[PDB]
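Asker: once you've seen the sequence and the experimental structure below, I've got questions.
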Amino acid sequence: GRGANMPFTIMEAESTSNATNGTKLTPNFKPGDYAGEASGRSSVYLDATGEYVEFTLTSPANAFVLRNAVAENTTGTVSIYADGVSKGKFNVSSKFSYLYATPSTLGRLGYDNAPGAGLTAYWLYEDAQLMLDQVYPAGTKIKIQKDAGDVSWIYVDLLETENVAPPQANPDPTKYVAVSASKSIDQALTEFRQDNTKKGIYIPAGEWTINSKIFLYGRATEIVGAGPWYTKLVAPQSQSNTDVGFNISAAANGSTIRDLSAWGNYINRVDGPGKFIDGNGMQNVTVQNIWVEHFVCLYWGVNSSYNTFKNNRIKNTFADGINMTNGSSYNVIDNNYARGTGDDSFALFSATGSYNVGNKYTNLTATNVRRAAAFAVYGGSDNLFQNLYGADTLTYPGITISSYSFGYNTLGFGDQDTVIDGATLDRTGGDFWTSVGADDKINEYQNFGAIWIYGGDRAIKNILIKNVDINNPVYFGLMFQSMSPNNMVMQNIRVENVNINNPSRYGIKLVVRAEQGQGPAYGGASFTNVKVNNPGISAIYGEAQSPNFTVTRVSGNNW
Ligand SMILES: OC[C@H]1O[C@H](O[C@@H]2[C@@H](O)[C@@H](O)O[C@H](CO)[C@H]2O)[C@H](O)[C@@H](O)[C@@H]1O
Ligand SMILES: OC[C@H]1O[C@H](O[C@@H]2[C@@H](O)[C@@H](O)O[C@H](CO)[C@H]2O)[C@H](O)[C@@H](O)[C@@H]1O
Ligand SMILES: OC[C@H]1O[C@H](O[C@@H]2[C@@H](O)[C@@H](O)O[C@H](CO)[C@H]2O)[C@H](O)[C@@H](O)[C@@H]1O
Ligand SMILES: [Ca+2]
């Protein structure tokens, strides 16, 4: 792609190809800012009746997602036109946006939904979904316009366009028990469990309440919808933060959930509940072509192995998109799209089996990461992250590679490579934590590069980063750091075929003193064909001040 191959096309409102009579925001990297939090770090502000932004379709489309920001505590409309003719109205809302903190309490980002004295609003953008009753061809002018009766103002960030097929029917009514107006999901599953000729349940087009955790047991179960634009599982929207969805017991290992969407009612992060799918220790489960929003996570694996997450869309969550922890091995996380997660979009946390091993995170896109990293790997052995696209992180790297234990029981990285192979990272990095007494100090925070290689309190070894393009990182391309006093010696850290373009500070930073009491990096890293182009200050910082760290310039480096 790089990244996921999805049926929708993403178009930035602010593209120079898009006529507008509204206000195009100049980019910045600020959280809590309508530019800093936008895709591409810009949007088009429509602030008077008749102001519009005009998109041009590059593929046919009957369905649209508008990422936008409106005033706090408001709902309303904005209009959509096709070739100059009005065609409908998006339902725009800040119900799920505006999370409050202060510049020195970004650790609270995502947790606190109420305004208050001295509090700044963050997480300002949200989405509106709309299907039209015609497929419009490539080349159609799709205008987003603020007409009389629409919201007082709106920031238009991007438009998703998609040509959605008609809904898919029950694959076989004699094998899939249908949910219906008078038969709930739970009742359909009970009928399935008690009749061995059934393969599962079918959930038709519609909106279907999920007001509970729905347990899958008995045997492997298929849950099949009509398509994610059609089958909508809906948490009770007059409630907030209800723990609903599916919970897969061991008897239902081998289950499949596919072709549906799930619309949670979380308005802030809660730690514990809030994963759409629970399946601790689950095996051989397939989750495919589902679209999930407004949960804490899609899935949080715990010693869960041989599972497949494929073709999913994870948007506007309050913590991680997918995390696999504590022994989870041999999983296939392939061709998934995340936008707006509230913590690491795709993560792997290895802990004591000794390691998470054999996982393949492939063809993944993670953008507009509202806190933490697009991709994060915490220890493990023989795990592959391949063909990644990451962009527009609010606070942290595009990719975190970390041997910090976080107080859990872990060995760190193992004896087989953790591989990052093929990745594009656009405008990644950010500010987090504190930097009291730090070297190379530019503000009150620690400052994170596009890729952070962090030796923590456990082994940091066997890391291969290759075929990566890092474009306009907030601060640095590659950032290497060792936690003191542990000073774990980094071994077999190699970087190959990497382009670092226009970093504002340095192409490569060896952290010398992140904060009081901390020191420089231990071990070394090798660089082959690593280009640093137009750095703001210099190509590499920290080399002379890092006497325990050896930079090896194998060949092909312009620094
Ligand atoms: O009050 C429930 C939600 O209403 C709006 O969203 C609509 C949603 O219910 C769904 O079924 O489809 C339509 C069309 O895509 C949505 O507009 C609000 O936007 C949402 O915030 C509410 O929770
Ligand atoms: O393995 C550590 C814990 O993971 C889960 O808790 C997470 C919490 O520590 C924090 O990271 O927030 C996320 C998102 O809300 C939580 O999933 C488990 O729920 C917990 O039991 C584990 O100890
Ligand atoms: O020391 C406990 C904390 O460790 C981690 O946070 C670190 C932060 O405190 C500061 O020192 O910066 C380093 C990175 O340079 C951070 O890793 C945990 O993330 C945090 O939850 C702990 O409280
Ligand atoms: Ca944008």
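Answerer: Done, it's in. Numbering: from 1, shown residues only. Ligands and ions are numbered 1, 2, ... in the order given.

Asker: what about the single nearest residue of the stretch 101-250 of the chain relative to ligand 2, which SS state?
Answerer: Of all residues in the stretch 101-250 of the chain, residue 110 sits closest to ligand 2, at 9.3 Å by Cβ to the nearest ligand atom. Where C-beta positions appear, they are placed from N, C-alpha and C, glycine not excepted. Under the three-state scheme (DSSP: H, G, I helix; E, B strand; the rest coil), residue 110 adopts coil.

Asker: and it, how far from residue 151?
Answerer: 25 Å (Cβ to Cβ, to the nearest Å).

Asker: of the two, which one has the most company?
Answerer: In this comparison of residue 110 against residue 151, neighbours counted by other Cβ atoms under 10 Å, the higher total goes to residue 110 at 25 against 19.

Asker: for that one, give me its contacts.
Answerer: By Cβ atoms under 8 Å, 6 or more residues apart in numbering, residue 110 lies in contact with 99, 123, 268, 269, 318, 319, 342, 343, 370, 371.

Asker: neighbours of the second one, how many?
Answerer: When you say that, I think you mean residue 123. Based on other Cβ under 10 Å, the number of other residues close to residue 123 is 27.

Asker: could you report the neighbour count for residue 53?
Answerer: Other residues lying near residue 53 total 25 when counted by other Cβ under 10 Å.

Asker: typo on my end, it should be residue 352
Answerer: For residue 352, the number of neighbouring residues by other Cβ under 10 Å comes to 11.

Asker: quickly list what residue 64 is bridged to.
Answerer: Using DSSP bridges, the beta-bridge partners of residue 64 come out as residue 130, residue 161.

Asker: show me the helices in the stretch 151-300 of the chain, by range?
Answerer: For the stretch 151-300 of the chain, the helices defined by DSSP state H, counting those that start in this stretch occupy 185-193.

Asker: near ligand 4, which residues of the stretch 151-300 of the chain are found?
Answerer: Proximity of the stretch 151-300 of the chain to ligand 4 is confined to 157, 158 under the rule Cβ under 5 Å from the ion.

Asker: closest residue of the stretch 151-300 of the chain to ligand 2?
Answerer: In the stretch 151-300 of the chain, the residue that lies nearest ligand 2 is residue 271 (4.0 Å; Cβ to the nearest ligand atom).

Asker: count of neighbours near that residue?
Answerer: Using other Cβ under 10 Å, residue 271 has 9 other residues around it.

Asker: list the contacts of it.
Answerer: Contact analysis of residue 271 by Cβ under 8 Å, 6+ apart lists 296, 319.

Asker: tell me the phi and psi of it?
Answerer: Residue 271 has phi and psi values of phi -100, psi 120 when expressed as degrees, to the nearest 10.

Asker: show me what contacts the residue in the stretch 351-500 of the chain that ligand 4 sits nearest to?
Answerer: Among residues of the stretch 351-500 of the chain, the one nearest ligand 4 by Cβ to the ion turns out to be residue 392. It sits 8.8 Å away. The contact partners of residue 392, taken as Cβ under 8 Å, 6+ apart, are 38, 39, 40, 41, 367, 368, 369, 426, 427, 428.

Asker: helix or strand: which one has residue 532?
Answerer: Using DSSP states H and E, residue 532 sits within strand 523-533.

Asker: off-centre distance for the helix or strand following that strand?
Answerer: Per DSSP H and E, the first helix or strand lying C-terminal to strand 523-533 is strand 538-541. Average the C-alpha atoms of strand 538-541, do the same for its chain, and the two points are 30 Å apart (Cα atoms, centre = their mean, to the nearest Å).

Asker: show me the contacts for the spatially closest residue to residue 254 that is not a sequence neighbour.
Answerer: Nearest residue to residue 254, sequence neighbours excluded (Cβ to Cβ, 6 or more residues apart in numbering): residue 220, at 3.5 Å. The neighbourhood of residue 220, defined by Cβ under 8 Å, 6+ apart, consists of 252, 253, 254, 255, 256, 284.

Asker: which one among those gets closest to ligand 4?
Answerer: Of all the contacts of residue 220, ligand 4 sits closest to residue 256, with 35.6 Å by Cβ to the ion.

Asker: enumerate every residue touching residue 91.
Answerer: The neighbours of residue 91, taking Cβ under 8 Å, 6+ apart as the test, are 75, 77, 128, 130.

Asker: and it, backbone torsions?
Answerer: Dihedral angles phi and psi of residue 91 (degrees, to the nearest 10) take the values phi -90, psi 100.

Asker: circling back to that earlier point, by neighbour count, which of the contacts of residue 392 wins?
Answerer: When neighbours are taken as other Cβ under 10 Å, the top entry among the contacts of residue 392 is residue 428 (32 neighbours).

Asker: my guess is that residue contacts residue 393. True?
Answerer: Yes - when contacts are counted by Cβ atoms under 8 Å, residue 428 is listed as touching residue 393 (4.7 Å).

Asker: who touches both of those two?
Answerer: Both residue 428 and residue 393 are in contact with 374, 474, where contact means Cβ under 8 Å, 6+ apart.

Asker: circling back: which one of the contacts of residue 392 sits closest to ligand 1?
Answerer: Closest approach between the contacts of residue 392 and ligand 1, by Cβ to the nearest ligand atom: residue 368, at 18.1 Å.

Asker: make sure the closest one is indeed in a strand.
Answerer: Yes - according to three-state DSSP, the state of residue 368 is that of a strand.

Asker: my read is that it contacts residue 337, right?
Answerer: No - contact status for residue 368 versus residue 337: not in contact, 11.2 Å apart, counting by Cβ under 8 Å.

Asker: which neighbours do the two share?
Answerer: Shared contacts of residue 368 and residue 337, counting by Cβ under 8 Å, 6+ apart, come down to nothing at all.

Asker: okay, buried residues for stretch 81-93 please.
Answerer: Using 16 or more other Cβ atoms under 10 Å as the test for burial, stretch 81-93 gives 81, 82, 87, 89, 90, 92, 93.

Asker: residue of the stretch 401-550 of the chain nearest ligand 2, please.
Answerer: For the stretch 401-550 of the chain and ligand 2, the shortest gap (Cβ to the nearest ligand atom) falls at residue 408, measuring 6.3 Å.

Asker: sec struct for that residue, please.
Answerer: In the three-state summary, residue 408 is assigned as coil, counting by three-state DSSP.

Asker: give me the neighbour count for it.
Answerer: Residue 408 sits with 15 neighbouring residues when counted by other Cβ under 10 Å.

Asker: same check on residue 157?
Answerer: Counted by other Cβ under 10 Å, the residues lying close to residue 157 total 27.

Asker: narrow the contacts of residue 392 to those in strands?
Answerer: Within the contacts of residue 392, residues falling in strands by DSSP state E are 367, 368, 369, 426.

Asker: partner residues bridging the last one?
Answerer: Going back to what we said before, that points to residue 426. For residue 426, the residues forming beta bridges with it (DSSP bridges) are residue 391, residue 471.

Asker: can you get me a residue count around residue 330?
Answerer: Using other Cβ under 10 Å, residue 330 has 14 other residues around it.

Asker: wait, doesn't it sit right on residue 303?
Answerer: No - counting by Cβ under 8 Å, residue 303 is not a contact partner of residue 330; they are 11.8 Å apart.

Asker: okay if I get the buried residues of stretch 81-93 as CSV plus secondary structure and distance to residue 241?
Answerer: What follows is those, written out as CSV (DSSP: H, G, I helix; E, B strand; the rest coil; distance: Cβ to Cβ, whole Å):
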residue, secondary structure, distance to residue 241
81, strand, 37
82, strand, 38
87, strand, 35
89, strand, 29
90, strand, 25
92, strand, 22
93, strand, 17
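
Asker: of those residues, which is the nearest to residue 506?
Answerer: Taking Cβ to Cβ as the measure, residue 92 is the one of those closest to residue 506, at 40.5 Å.

Asker: quick one: which helix or strand includes the residue nearest to the closest one when sequence neighbours are not counted?
Answerer: Among residues not flanking residue 92 along the chain, residue 128 sits closest, at 4.8 Å (Cβ to Cβ, 6+ apart). Assigned by DSSP H and E, residue 128 belongs to strand 126-136.
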